[PDB]
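Here you get one chain, nothing else, as structure tokens; it is the form deposited in one PDB entry.
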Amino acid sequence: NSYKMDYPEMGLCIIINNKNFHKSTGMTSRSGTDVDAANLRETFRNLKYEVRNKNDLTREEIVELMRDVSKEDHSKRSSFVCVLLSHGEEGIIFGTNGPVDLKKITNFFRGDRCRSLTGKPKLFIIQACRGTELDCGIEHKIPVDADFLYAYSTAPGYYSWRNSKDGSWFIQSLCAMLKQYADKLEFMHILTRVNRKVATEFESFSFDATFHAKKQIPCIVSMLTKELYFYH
């Protein structure tokens, strides 16, 4: 009931960091995103992942990038990780010059399209809005869609908060928890602490009452079939 993580390599960790967007999109700059990319790069470096950082990619570059990655030989790799950092809406992430459907991105890695990863954990970590809604707070064979894990920064339909100085709430917490519990806890448990950290330790502050005192809760979406430990 535990994924085999003793392959020669842990695997690739693709980090797409979109900070500046084409003026033709009206998208504002994602200030402080570099802190996330750098934090993620180091965090996954310690977990023994082969990290690749790509900055300000276009909707086409992103799609092509994923295509080429899925066409690689992941035989000696225990898993695959991809972190998306940018603007978004429910079901989509924004490239530098336009929106991209998340399903198109993940489909390249389906159990039948990337045989070298079949049966291996495929982790997608998404730091991007899933809408504009704000939380006011209170108080034999296997499926081709199996073995995927989607760690969303916010719940469906909700905006995703980011501190232009310390990074996004989600990424900050995720890295801290990985750094502290990666050598002990199972992934889902680690992500559950991430949920509590963001839920209890963060709240927005704005001169604009419409964006003030807001909360956030991440969304763990798991199609995994086994427990995941970042160690042997």
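Just count from 1 along the sequence shown to find any residue number.
Another form, the form solved in complex with a partner chain, is not on view; read the next lines as being about it.
*Asks:* Hey, in the deposited bound form, does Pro121 get a heavy atom within 4.5 angstroms of the partner chain?
*Replies:* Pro121: no contact with the partner chain in the deposited bound form.
*Asks:* Residue-level contact is defined here as any heavy atom of the residue lying within 4.5 Å of the partner chain in the deposited bound form; does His74 satisfy this criterion?
*Replies:* Close contact is absent here: in the deposited bound form, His74 is far from the partner chain, nothing within 4.5 Å, heavy atoms only.
*Asks:* Might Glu203 be said to contact the partner chain in the deposited bound form, defining contact as any heavy atom within 4.5 Å?
*Replies:* It does: once the partner chain is placed as it appears in the deposited bound form, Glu203 has a heavy atom within 4.5 Å of it.
*Asks:* So in the deposited bound form, does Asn163 come within 4.5 Å of the partner chain, heavy atom to heavy atom?
*Replies:* Yes.
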